[PDB]
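Report on the following structure.
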Amino acid sequence: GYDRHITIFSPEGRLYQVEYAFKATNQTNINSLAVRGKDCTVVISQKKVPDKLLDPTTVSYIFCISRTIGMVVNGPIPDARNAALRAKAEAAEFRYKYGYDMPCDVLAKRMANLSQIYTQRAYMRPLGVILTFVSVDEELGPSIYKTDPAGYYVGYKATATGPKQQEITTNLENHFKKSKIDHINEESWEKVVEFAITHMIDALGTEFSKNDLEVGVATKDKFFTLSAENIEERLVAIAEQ
Amino acid sequence: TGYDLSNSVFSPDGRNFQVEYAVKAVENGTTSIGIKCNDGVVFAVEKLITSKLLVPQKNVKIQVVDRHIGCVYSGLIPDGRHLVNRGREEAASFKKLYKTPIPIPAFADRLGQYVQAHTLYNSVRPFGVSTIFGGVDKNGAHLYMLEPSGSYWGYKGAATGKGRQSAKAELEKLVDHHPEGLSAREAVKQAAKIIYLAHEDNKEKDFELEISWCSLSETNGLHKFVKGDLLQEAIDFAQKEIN
Amino acid sequence: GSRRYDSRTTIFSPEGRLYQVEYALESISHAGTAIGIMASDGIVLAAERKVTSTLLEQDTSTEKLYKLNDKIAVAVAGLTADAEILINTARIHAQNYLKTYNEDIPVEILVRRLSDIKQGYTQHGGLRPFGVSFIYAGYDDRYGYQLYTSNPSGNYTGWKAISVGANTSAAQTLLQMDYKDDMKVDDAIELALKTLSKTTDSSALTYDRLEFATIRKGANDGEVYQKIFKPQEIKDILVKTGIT
Amino acid sequence: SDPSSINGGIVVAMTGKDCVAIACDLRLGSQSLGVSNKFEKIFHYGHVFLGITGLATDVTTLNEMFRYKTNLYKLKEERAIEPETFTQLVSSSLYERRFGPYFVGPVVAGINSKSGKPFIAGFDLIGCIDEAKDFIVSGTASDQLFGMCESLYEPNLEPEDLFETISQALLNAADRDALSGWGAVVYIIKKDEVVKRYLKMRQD
Amino acid sequence: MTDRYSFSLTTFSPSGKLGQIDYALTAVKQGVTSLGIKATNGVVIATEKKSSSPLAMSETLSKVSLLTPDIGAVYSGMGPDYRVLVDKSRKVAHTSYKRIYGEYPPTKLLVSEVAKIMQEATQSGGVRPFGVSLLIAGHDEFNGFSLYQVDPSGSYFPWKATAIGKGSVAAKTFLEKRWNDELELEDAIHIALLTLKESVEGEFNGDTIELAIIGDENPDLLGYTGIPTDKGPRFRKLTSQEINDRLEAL
Amino acid sequence: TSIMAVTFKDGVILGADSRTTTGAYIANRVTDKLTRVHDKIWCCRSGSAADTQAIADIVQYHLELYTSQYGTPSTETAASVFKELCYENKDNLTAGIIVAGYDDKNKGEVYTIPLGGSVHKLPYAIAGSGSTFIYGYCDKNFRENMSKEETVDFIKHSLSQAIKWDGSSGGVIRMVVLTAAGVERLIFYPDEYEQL
Amino acid sequence: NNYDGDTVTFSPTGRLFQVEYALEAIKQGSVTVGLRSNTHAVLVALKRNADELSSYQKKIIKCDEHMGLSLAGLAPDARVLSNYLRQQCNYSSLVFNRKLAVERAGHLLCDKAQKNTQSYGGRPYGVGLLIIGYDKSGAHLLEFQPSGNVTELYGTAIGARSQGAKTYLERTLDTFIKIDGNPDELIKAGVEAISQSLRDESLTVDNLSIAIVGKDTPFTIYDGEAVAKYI
Amino acid sequence: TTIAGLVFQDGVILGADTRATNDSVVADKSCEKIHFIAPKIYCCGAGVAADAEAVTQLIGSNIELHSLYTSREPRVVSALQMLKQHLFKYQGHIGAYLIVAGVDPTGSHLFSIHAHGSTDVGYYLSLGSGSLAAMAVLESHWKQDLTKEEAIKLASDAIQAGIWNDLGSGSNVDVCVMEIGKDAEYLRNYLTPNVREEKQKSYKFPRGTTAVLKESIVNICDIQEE
Ligand SMILES: *[C@@H](CS(C)(=O)=O)[C@H](Cc1ccc(CN)cc1)NC(=O)[C@H](CO)NC(=O)[C@H](CC(C)C)NC(=O)[C@H](Cc1ccccc1)N=[N+]=[N-]
Ligand SMILES: [Cl-]
Ligand SMILES: [Mg+2]
Ligand SMILES: [Mg+2]
Ligand SMILES: [Mg+2]
Ligand SMILES: [Mg+2]
């Protein structure tokens with residue numbers, strides 16, 4: 001049964017190492033969510049600092065890839081950082097060669113093609129991560145593109161990733177079935193973050209403090225992460241209505 | 001089964017058993033700790049005196065990287081040396097190109113990526129060490145701990161090796177009882193105590209204490225070994241606390 | 001390390017056989033039958049297509065008979081994709097020889113070259129051999145008309161008539177029975193089609209199932225013509241010989 | 001020392017009404033010494049004709065190279081190459097030696113078998129294409145040929161008139177060049193017949 | 001940090017089977033149905049946009065891809081393997097042909113180059129075969145319209161019409177009854193939509209179906225004017241609206 | 001070419017003419033020789049235009065990749081990357097670059113990198129063919145901790161003279177101001193600066 | 001068991017079996033002793049013969065004028081490692097006009113041995129070394145294991161029955177460390193130490209091999225009638 | 001060669017003459033110096049003709065593959081960056097001097113590229129041996145917010161200045177207009193001010209004027225078959 005150890009086909013036409021890499025994805029037990037506003041793309045993720053000895057400022061699964069692109073990872077941190085460093089390198093090389101900022105969807109495709117190579121070539125293992133790329137693209141507008149260990153990728157109106165992804169996904173599905181639009185019709189990113197947090201609270205059934213969340217916001221020409229105090233301001237506004 | 005025979009193979013769980021087996025080599029090793037203080041970091045390690053024939057103060061375990069970073073590790077000692085040798089190459093090329101000495105978070109990722117690379121192929125073995133390291137850069141003090149998987153985080157206190165549970169419990173008290181922070185000279189004393197308390201797990205053989213520190217006020221942000229009177233003051237403080 | 005997963009494609013069995021060559025020959029025994037017959041005034045190549053579907057575009061299709069140069073053609077039995085890799089190499093060797101010596105490559109030299117490539121995959125590199133057997137039909141001014149075969153081992157031999165692929169045992173007995181040395185192309189055409197008609201696993205032999213070719217020194221003014229038969233022309237020769 | 005003028009020789013090509021003509025001299029020399037009076041500079045690959053002037057070792061080498069390439073083209077494509085496609089192949093092949101070039105002046109001539117359109121083209125030694133409606137010249141007496149062609153040529157000549165025009169352009173140009181002459185050949189090319197004529201000229 | 005897989009992962013078993021090719025074909029069988037039909041004045045290729053989530057934007061995932069202006073491709077099997085083959089196919093059309101001859105390759109030769117890439121994954125060291133079957137439809141001046149299938153082995157066959165993947169056996173029977181040598185392109189599109197409806201479970205509309213044609217030259221899609229010989233791409237992907245129009249006359 | 005960078009109280013100002021010549025022909029009379037390698041790290045280019053563009057593009061790439069990993073680079077770090085390229089490829093380059101930048105910690109800093117690939121940190125720097133004519137003027141008139149308006153006048157008067165005497169220099173005087181407030185572009189036309 | 005096929009594989013308890021099997025080759029090797037004072041350092045080695053017609057396998061190798069080692073285990077691996085030491089000693093002299101520190105020599109051997117334990121295809125070194133030397137910080141004795149572990153010691157022994165000599169040195173520690181400016185008495189203590197590891201056989205003239213380095217003493221090896229004095 | 005480019009209200013325009021020369025002889029009387037890169041990106045070439053041609057074709061090929069990969073319209077800055085990095089690599093040995101212009105989602109752009117890899121940005125540019133004749137016209141008449149009709153006039157005038165006054169430049173004027181939101185229009189032989197006058201005589205010879213030694217039929221077909 002060596003067809004389960006390396007990336008070759010089983011008799012069923014399956015790649016078991018790819019399937020087991022998907023399972024490694026949920027090892028962190030963290031749920032992420034991404035949504036699009038009019039002018040922005042918001043990504044939120046659970047933050048869990050179990051150890052009191054940890055420096056909580058260094059515990060993050062959101063990465064600033066370029067000025068315009070942000071990336072949240074669902075999976076173990078070593079593979080997350082492997083993927084982060086490569087995406088940063090690819091985004092920089094792209095700008096140098098072709099004279100404009102790498103689009104979110106093109107980076108997602110590039111990382112997905114690299115992921116595909118690990119499913120075809122035996123000596124390389126798949127990375128046990130799902131990469132969610134976010135930006136406000138200068139051509140396509142607010143953008144969410146997600147990559148997995150199979151080398152699959154696709155654009156999203158909104159998305160969710162993690163152990164409880166199905167609960168979050170159905171919650172978001174139901175909202176967009178009502179509104180009948182591909183985005184959160186809201187002017188300020190602050191209110192789009194409030195939406196994202198609110199709908200995660202409803203979906204997961206848990207309350208959040210400022211230290212339980214981690215937020216990334218993409219606007220035109222920059223992606224940035226919110227501090228604990230910026231999130232606290234968000235949580236106060238949610239509670240007050 | 002057979003998923004644990006080769007490095008870089010995912011089990012049906014989504015685990016790399018060879019990396020988990022490397023952790024067992026780390027758990028088997030001697031105790032080492034790190035303490036983040038007000039303007040720096042303190043490193044300490046348990047050195048088991050296998051025999052009277054060992055020359056005292058000679059078999060130095062703590063290693064310096066560049067001039068501002070200290071590294072200590074538990075597990076397979078040669079693997080730790082190999083990792084520090086790499087760290088030194090990374091710190092040299094960083095300084096060569098960018099002039100400034102490597103920042104600690106930047107340095108942490110250099111080790112992190114290298115250790116992680118040794119979980120990607122069956123042609124290499126994972127590292128059999130957990131490494132505690134840190135120092136002072138332009139943004140202040142930083143303490144890190146790096147595992148065989150390539151995983152690392154920033155720490156207030158860190159501990160690894162055979163006496164890690166004992167040490168971790170002691171570090172957690174210091175964090176609770178000193179929210180405003182700990183001074184560099186205090187951290188040296190506390191580091192000595194914690195290694196002495198953690199020695200109950202390796203209590204058969206007697207041991208030798210080794211401490212180092214980087215502090216902005218006490219060492220000008222450079223890594224130095226604790227020697228002579230300051231080392232003996234810490235040993236006395238530690239010996240008083242166990243009795 | 002990697003050693004664990006290595007099949008070791010280039011080793012002897014305890015009996016002194018090359019496992020992968022033997023298993024490649026087993027693969028080839030299931031492929032559609034190809035027959036070559038050499039006459040005094042030409043060579044015939046006949047071959048049976050494997051995948052009867054009504055929707056297959058036959059007139060633009062080529063799975064069995066390929067052209068190497070103006071004087072030399074091959075009939076394929078085995079993996080078509082593997083054969084095309086070797087065919088393009090053989091096409092290049094012929095043009096290299098022509099560029100160097102300003103003469104068309106002698107048939108045996110081309111055959112030896114391909115056969116040497118196949119041999120290499122059985123002795124070094126750790127790769128699987130090519131799952132292909134060729135029948136080479138060709139002409140040159142030294143030996144005239146020549147038929148050869150090569151197989152995955154890289155061994156090649158010359159023939160007056162020969163079959164490869166499926167039912168070669170049955171096919172070779174029938175050829176051995178009805179072949180004679182003074183035979184002509186028109187007679188050989190008939191022998192080739194009669195042999196396929198008896199050995200075929202199908203219910204009946206039809207035009208949409210066959211690839212057919214001739215090399216004749218019966219072109220205008222003593223030149224050599226390669227004719228790859230079109231579907232309609234195969235249908236006509238089937239009626240002429242009295243099979244349909 | 002100048003490789004393009006060691007061996008000498010010329011090629012000229014012209015279009016006519018439903019026809020093309022390509023012609024060349026027969027001299028091969030070593031500077032002043034005449035060596036061969038049978039060195040033809042026009043070759044053909046199916047129905048596409050290629051004339052090549054310049055360094056004779058490269059003339060021979062490129063002929064052998066384009067024979068090679070057009071033979072493989074034919075086996076894969078299952079049809080003879082056309083003049084327009086061959087022109088691009090010549091250009092590609094010359095430019096890939098950009099910094100160690102073949103010292104040649106190639107000339108393509110032929111009729112497109114599908115459209116029936118007459119086609120001629122010329123190149124420099126690194127593959128810049130000159131696609132002309134009227135005529136192409138090449139070789140050591142290219143200036144002389146430009147002068148003859150530019151005055152003698154008129155469009156839409158019939159095959160047997162075009163023969164006279166191209167022949168007189170070649171012969172009179174060659175007689176004003178020390179390194180050209182010693183015989184000449186003219187190909188008259190129509191859609192499905194090609195006539196080759198050897199010209200009588202002065203043998204000095 | 002070494003590639004030690006310099007040996008074949010696809011080898012002959014005692015029965016003469018190449019296991020990994022057979023298993024790749026099994027993966028193709030599990031894949032969503034796609035089909036191709038050749039008419040007298042065109043070719044049509046079609047498939048179902050099987051959306052993995054309703055939140056996903058299925059427009060961004062192109063199962064039907066332009067390879068050259070006159071050649072298009074569709075697949076059944078593993079989507080990522082297809083995506084990288086399309087990238088290599090587009091590139092090889094330039095490097096091994098357009099940069100040499102100054103024109104795009106004919107359908108059969110581009111197919112031959114794709115086939116070659118797939119064959120090499122079936123014999124080279126340390127790689128598995130591609131888990132896709134492609135259908136490549138195209139036009140060139142001297143061969144006219146054509147439709148090719150390409151399998152994981154590297155084998156390729158020309159078809160008048162065919163189907164691959166999930167419901168291919170039923171679909172091929174359906175096409176055998178309907179196909180003739182006098183079909184116009186609109187008739188082939190109509191037959192393609194009928195054939196594809198049988199294999200589709202859920203919604204059947206322009207948003208859940210992807211369909212492209214190789215047909216007449218589109219000078220409107222060229223982007224520039226001023227060169228009479230460049231008349232525009234024969235490949236055209238039908239819009240969501242254009243599909244829905246034909247579904248009313250179904 | 002006439003280029004200069006000058007530190008002052010609030011930060012630093014880069015200044016340049018706009019003339020590019022091929023021999024005695026002015027190929028471009030409105031060249032932008034003040035080029036951005038990071039948000040608040042710019043450089044003035046002199047020497048081969050091909051070489052200085054190729055270098056500046058590589059530096060911008062390196063500092064972009066630096067920023068993704070380690071945050072905002074110092075002006076010293078930028079000058080070091082410029083130096084590494086210039087020094088290691090000194091046999092194949094003709095580049096004379098002035099690097100100027102604003103940190104909040106270090107404030108305004110200027111580094112000059114002449115032909116050899118050496119680095120020199122200075123309060124102000126001048127370079128290019130036209131700089132020879134204003135060494136005397138600039139040395140006499142420069143003061144440390146000038147105001148923004150004084151530094152703009154100092155650069156304007158200096159490059160005015162450089163332009164007047166050097167045929168290789170001319171056109172408009174471009175300037176780029178680097179402070180905590182942000183990045184301000186200034187332009188000054190012949191009719192303004194010639195009458196000074 | 002299943003985890004001993006190559007050096008690249010950890011066992012489930014975190015052990016490297018190929019390294020431990022290399023360690024076993026040292027235990028099968030003939031005994032050798034190392035010890036030092038503040039002025040001198042001494043190697044004493046029991047050489048092993050194949051039979052009575054054969055020569056006794058040499059155990060001590062010179063690395064530089066101020067450094068050398070004794071071996072126990074695979075002799076060809078000792079040749080490779082000693083040659084590497086010779087080159088590193090030589091590099092230090094040629095480039096820096098500097099005699100290589102004994103501590104630094106140990107660090108180099110450690111790192112060379114380590115590379116063979118983490119990569120596929122290679123094997124660990126099958127030999128243990130005792131390095132003695134006199135450098136700018138006085139006399140030194142090192143013990144090298146092919147796991148990579150190098151250890152600075154006052155005295156030690158490696159090879160078969162080495163535990164007898166090692167216990168003796170552990171008792172004698174306070175005596176032999178004080179033997180300063182007296183090479184013959186330091187060798188005597190080494191010869192008496194190696195005697196604790198003998199069974200059946202005793203120290204003969206072509207059996208015993210001694211080496212010494214010190215303050216005004218280059219690394220020199222004594223064999224044959226030169227060691228009869230100490231028997 | 002006289003090549004030029006200039007910008008107008010909602011677009012960019014390129015101009016070029018049609019003469020190719022070898023030393024003092026005219027190799028080609030009608031050649032296209034405005035090369036194609038993308039549907040809405042064009043390149044005027046000067047210097048070594050083979051080099052200018054080859055470099056645009058190569059970058060055009062790579063721009064097409066990039067466009068397919070990213071599913072976007074190619075940008076002029078991408079062509080610019082790819083051209084300059086290629087030319088820089090070869091240190092001027094590829095003697096191509098180019099004016100690149102085009103439209104993309106960012107807007108309309110006009111650049112020049114030199115053989116050693118240097119680039120310029122401009123509202124009006126000219127290159128080649130006729131650049132000074134052309135630039136004199138552009139400096140005299142260019143203004144901001146030109147209409148398309150004024151821009152074509154000015155561009156063709158700039159090219160004409162080169163044609164008449166420069167020996168390197170001659171024959172016809174080619175133009176390419178790239179306007180925002182519209183298809184690029186390529187106008188080969190936009191002006192034809194140098195048609196050859198009718199000849200005084202016809203030099204068509206009497207048939208049989210040329211002496212012939214031999215005649216033969218050439219077999220160009222494959223296999224004459226039985
Ligand atoms: C004008 C450029 S100029 C005089 O301002 O430098 C044209 C621009 C041009 C022409 C043709 C094309 C076609 N796609 C594109 C741009 N350039 C020329 O006329 C060049 C001037 O060197 N001419 C040539 O390169 C000619 C072309 C003809 C053969 C068709 N080539 C030669 O003269 C060769 C080339 C050569 C090349 C590099 C260096 C030296 C010589 N010489 N020869 N033999
Ligand atoms: Cl890619
Ligand atoms: Mg793999
Ligand atoms: Mg003459
Ligand atoms: Mg003469
Ligand atoms: Mg001036």
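Ordering of the structure tokens sets the chain letters (A, B, ...); residue numbers start at 1 within each chain; ligands are numbered from 1 in the order shown.
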
Practice prompt. Could you give me the residues within 7 Å of ligand 6, counting only C-alpha atoms and all ligand atoms, as a ChimeraX atom specification?
Written response: /F:163-170

Only N, CA, C and O atoms, please: the residues just picked out, written as a compact mmCIF listing (two decimals), in the first residue's frame.
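Saved file again.txt follows:
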# COMPACT_ATOMS: atom_id res chain seq x y z
N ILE F 163 23.30 74.60 -14.05
CA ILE F 163 22.66 74.66 -15.37
C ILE F 163 23.28 75.74 -16.27
O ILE F 163 23.48 75.50 -17.46
N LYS F 164 23.56 76.91 -15.69
CA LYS F 164 24.11 78.05 -16.44
C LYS F 164 25.43 77.74 -17.12
O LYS F 164 25.65 78.17 -18.26
N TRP F 165 26.30 77.02 -16.42
CA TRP F 165 27.66 76.74 -16.89
C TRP F 165 27.81 75.40 -17.61
O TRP F 165 28.59 75.29 -18.54
N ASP F 166 27.06 74.38 -17.19
CA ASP F 166 27.14 73.05 -17.80
C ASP F 166 26.16 72.91 -18.96
O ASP F 166 24.95 73.10 -18.80
N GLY F 167 26.69 72.59 -20.14
CA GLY F 167 25.86 72.30 -21.32
C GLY F 167 25.08 71.00 -21.21
O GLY F 167 23.98 70.88 -21.74
N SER F 168 25.66 70.02 -20.51
CA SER F 168 24.99 68.75 -20.24
C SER F 168 23.78 68.87 -19.31
O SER F 168 22.96 67.95 -19.27
N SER F 169 23.70 69.96 -18.54
CA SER F 169 22.56 70.24 -17.65
C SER F 169 21.64 71.34 -18.20
O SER F 169 22.08 72.22 -18.94
N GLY F 170 20.37 71.27 -17.81
CA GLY F 170 19.37 72.23 -18.28
C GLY F 170 17.93 71.80 -18.08
O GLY F 170 17.65 70.79 -17.42

Worksheet item: Residues at most 9 Å from ligand 1, using only C-alpha atoms and all ligand atoms? Could they come as a ChimeraX atom specification?
Response: /D:4,103-105,122-130 /H:1-3,16-23,25-28,31-35,44-54,93-97,127-131,167-169

Item to complete: Return as JSON, numbers by chain every polymer residue, whether protein, DNA or RNA, with at least one atom no more than 9 Å from an atom of ligand 4; count only C-alpha atoms and all ligand atoms.
Response: {"D": [27, 173, 174, 175, 176, 177, 178, 179, 180, 181, 182, 202, 203, 204]}

Practice prompt. Could you give me the residues within 8 Å of ligand 3, counting only C-alpha atoms and all ligand atoms, as a PyMOL selection string?
Written response: chain A and resi 6-8+17+117-126

Item to complete: Have a look at A:2, A:94, A:208, A:22 and name the one nearest to ligand 2; count only C-alpha atoms and all ligand atoms.
Response: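 Counting only C-alpha atoms and all ligand atoms, the residue closest to ligand 2 is A:94.
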
Return as a tab-separated table the residues of chain E lying at most 10 Å from ligand 2, together with the closest atom-to-atom pair for each and the distance in Å to one decimal, counting only C-alpha atoms and all ligand atoms, with rows in chain order and ascending residue number.
residue	atom	partner	partner_atom_place_in_ligand_line	distance
E:83	CA	ligand 2	1 (Cl)	9.6
E:84	CA	ligand 2	1 (Cl)	7.5
E:87	CA	ligand 2	1 (Cl)	7.9
E:88	CA	ligand 2	1 (Cl)	9.7

Practice prompt. Work out how far CA of residue 127 (chain F) is from CA of residue 96 (chain F), in Å to one decimal.
Written response: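 CA of residue 96 (chain F) sits 7.3 Å away from CA of residue 127 (chain F).
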
Worksheet item: Running DSSP on the backbone, which parts of region 40-226 of chain H land in strand (DSSP E), as an MDAnalysis selection string?
Response: chainID H and resid 41:47 96:104 107:113 119:121 124:127 173:179 184:191 212:218

Response to the item:
note - CA of residue 212 (chain B) and CA of residue 109 (chain G) are separated by 25.4 Å

Hey, could you make a per-residue contact list for chain A against chain B with 9 Å as the cut-off, showing the nearest pair of atoms and its distance in Å to one decimal, counting only C-alpha atoms, sorted by chain and number, as CSV?
residue,atom,partner,partner_atom,distance
A:1,CA,B:1,CA,8.7
A:2,CA,B:2,CA,8.6
A:4,CA,B:3,CA,8.6
A:5,CA,B:9,CA,5.9
A:6,CA,B:9,CA,7.2
A:16,CA,B:12,CA,8.4
A:17,CA,B:10,CA,6.3
A:18,CA,B:10,CA,8.9
A:19,CA,B:12,CA,8.5
A:20,CA,B:14,CA,5.1
A:21,CA,B:14,CA,5.9
A:22,CA,B:14,CA,7.6
A:23,CA,B:14,CA,5.2
A:24,CA,B:14,CA,4.3
A:25,CA,B:14,CA,8.1
A:26,CA,B:14,CA,8.9
A:27,CA,B:14,CA,7.8
A:52,CA,B:172,CA,6.9
A:53,CA,B:156,CA,5.2
A:54,CA,B:155,CA,4.5
A:55,CA,B:155,CA,4.8
A:56,CA,B:154,CA,7.8
A:57,CA,B:154,CA,8.1
A:58,CA,B:154,CA,5.6
A:59,CA,B:153,CA,6.6
A:76,CA,B:151,CA,8.0
A:77,CA,B:151,CA,6.1
A:78,CA,B:151,CA,5.2
A:79,CA,B:116,CA,7.6
A:81,CA,B:113,CA,7.5
A:82,CA,B:113,CA,6.5
A:85,CA,B:113,CA,8.9
A:123,CA,B:121,CA,6.2
A:124,CA,B:121,CA,6.2
A:125,CA,B:120,CA,5.9
A:126,CA,B:120,CA,8.5
A:127,CA,B:120,CA,8.6
A:128,CA,B:14,CA,7.9

Just C-alpha atoms for this one: save the residues we selected as an mmCIF file, in the first residue's frame.
data_model
loop_
_atom_site.group_PDB
_atom_site.id
_atom_site.type_symbol
_atom_site.label_atom_id
_atom_site.label_comp_id
_atom_site.auth_asym_id
_atom_site.auth_seq_id
_atom_site.Cartn_x
_atom_site.Cartn_y
_atom_site.Cartn_z
ATOM 1 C CA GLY A 1 0.000 0.000 0.000
ATOM 2 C CA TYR A 2 2.656 2.569 -1.025
ATOM 3 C CA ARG A 4 -0.998 6.019 0.170
ATOM 4 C CA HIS A 5 2.532 7.272 1.047
ATOM 5 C CA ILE A 6 3.459 9.225 -2.121
ATOM 6 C CA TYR A 16 -4.497 9.863 -0.564
ATOM 7 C CA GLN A 17 -1.618 12.181 0.372
ATOM 8 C CA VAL A 18 -3.628 15.117 -1.028
ATOM 9 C CA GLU A 19 -6.682 14.024 0.997
ATOM 10 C CA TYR A 20 -4.608 13.712 4.179
ATOM 11 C CA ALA A 21 -3.081 17.164 3.578
ATOM 12 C CA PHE A 22 -6.667 18.524 3.636
ATOM 13 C CA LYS A 23 -7.073 16.953 7.088
ATOM 14 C CA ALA A 24 -3.879 18.675 8.335
ATOM 15 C CA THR A 25 -5.664 21.956 7.410
ATOM 16 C CA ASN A 26 -7.948 21.657 10.471
ATOM 17 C CA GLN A 27 -5.128 20.756 12.938
ATOM 18 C CA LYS A 52 0.053 32.267 29.001
ATOM 19 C CA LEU A 53 3.798 32.205 28.228
ATOM 20 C CA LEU A 54 3.153 33.045 24.544
ATOM 21 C CA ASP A 55 3.604 36.596 23.296
ATOM 22 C CA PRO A 56 0.101 37.094 21.828
ATOM 23 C CA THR A 57 1.297 39.793 19.348
ATOM 24 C CA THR A 58 3.406 37.168 17.479
ATOM 25 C CA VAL A 59 0.520 34.642 17.152
ATOM 26 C CA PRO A 76 -0.127 24.558 10.675
ATOM 27 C CA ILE A 77 2.109 27.627 10.948
ATOM 28 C CA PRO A 78 5.329 26.197 9.396
ATOM 29 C CA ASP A 79 3.513 25.399 6.128
ATOM 30 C CA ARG A 81 4.959 30.605 6.610
ATOM 31 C CA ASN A 82 6.454 28.504 3.796
ATOM 32 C CA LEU A 85 7.358 33.683 2.042
ATOM 33 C CA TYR A 123 9.664 13.997 -3.913
ATOM 34 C CA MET A 124 7.691 17.095 -2.830
ATOM 35 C CA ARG A 125 4.845 16.706 -0.306
ATOM 36 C CA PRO A 126 1.733 18.891 -0.434
ATOM 37 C CA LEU A 127 1.571 21.781 2.023
ATOM 38 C CA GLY A 128 -1.149 21.133 4.620
#
